[PDB]
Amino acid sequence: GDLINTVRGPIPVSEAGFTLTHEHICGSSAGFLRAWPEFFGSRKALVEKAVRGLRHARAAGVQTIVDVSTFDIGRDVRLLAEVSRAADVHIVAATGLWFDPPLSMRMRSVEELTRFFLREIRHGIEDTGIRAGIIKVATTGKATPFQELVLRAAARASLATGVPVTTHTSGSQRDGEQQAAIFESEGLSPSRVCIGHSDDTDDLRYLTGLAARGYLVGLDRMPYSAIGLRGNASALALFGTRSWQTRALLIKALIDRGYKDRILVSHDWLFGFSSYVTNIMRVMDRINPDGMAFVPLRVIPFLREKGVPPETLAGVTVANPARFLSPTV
């Protein structure tokens, strides 16, 4: 069977199992973790929290997370490897570019961005030999000309290697149509693309449209429920309405319409967050102490109460991630 690159080497597809497709170990910035580890307290304390948070998720049944932290999110793959061993949970690193690219990237052409994505997928990240197994992009509304270059190079890298592509959208936007049109003009099939953060909006026909076209619907922000008055305006902006049941009911909504094979459910959670207000992580731990165990401990039983069969959720959590992470040339 096919193999999938992890931060501990390649693993057979059958061993991925229960997989979260959009997660972060640390949401920071390029080189920030090395230069200022005291921002989190200490690098030792961040490894402790991440390892402890993953063993809690592993106890609930999670076996693999897809860390979609890219170069400009501060992806330190050695940190991803250290917590993958002490917790015994497969982690799949990513390549691509978020929406905080340093100008050493913003000045690059699409051909140059293609060679850098290919390097991290085929050669390895930095100097570790660890390769990524997924590509991450991002757009802010009407995508910038450079963001359009990024979307082009990611699809060209995906066509050469078969590695999938997952996107960042302000799900409360219609970046999906804009991202899909650029992907379709590059000849990439929608079965290798995930329009992430689709659970922010309540537009059902926008989700059904993506799935009917073959795209993977990433409902990957489940624990971000309505904040109420339990946080500042910064929290309410990034965490706010609606409730997590409203997000989880979008899984039930697509399943009832025959698109059970087009769903990927995750948390978009992290254990370190530097690209936002300070101590936002303590707010997120008040709202969700389960962390990456939220979906197995809370989302799965909530759907099961509403009459969703467990074989259907066993395909959304295991079958589709295995199908989507397998390099398809």
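Sequential numbering from 1, following the sequence displayed.
Look at the mean CA B-factor for 117 to 125 and for 81 to 89 in the entry; the higher one is 117 to 125. The mean Cα B-factor in the deposited entry runs higher for 245 to 253 than for the other of 93 to 101 and 245 to 253. Per the PDB entry, 234 shows the highest C-alpha temperature factor of the residues 109, 234, 166, 189. As recorded in the entry, 49 carries the highest CA temperature factor of 49, 304, 58, 267. For residue 322, the recorded CA temperature factor ranks within the lowest third of the chain's modelled residues. Sort the modelled residues of the chain by CA B factor and residue 38 lands in the highest third. Sort the chain's modelled residues by C-alpha temperature factor and residue 285 lands in the middle third, per the entry.
When all modelled residues of the chain are sorted by CA temperature factor, residue 278 is found within the highest third.
Sort the modelled residues of the chain by CA B factor and residue 183 lands in the lowest third.
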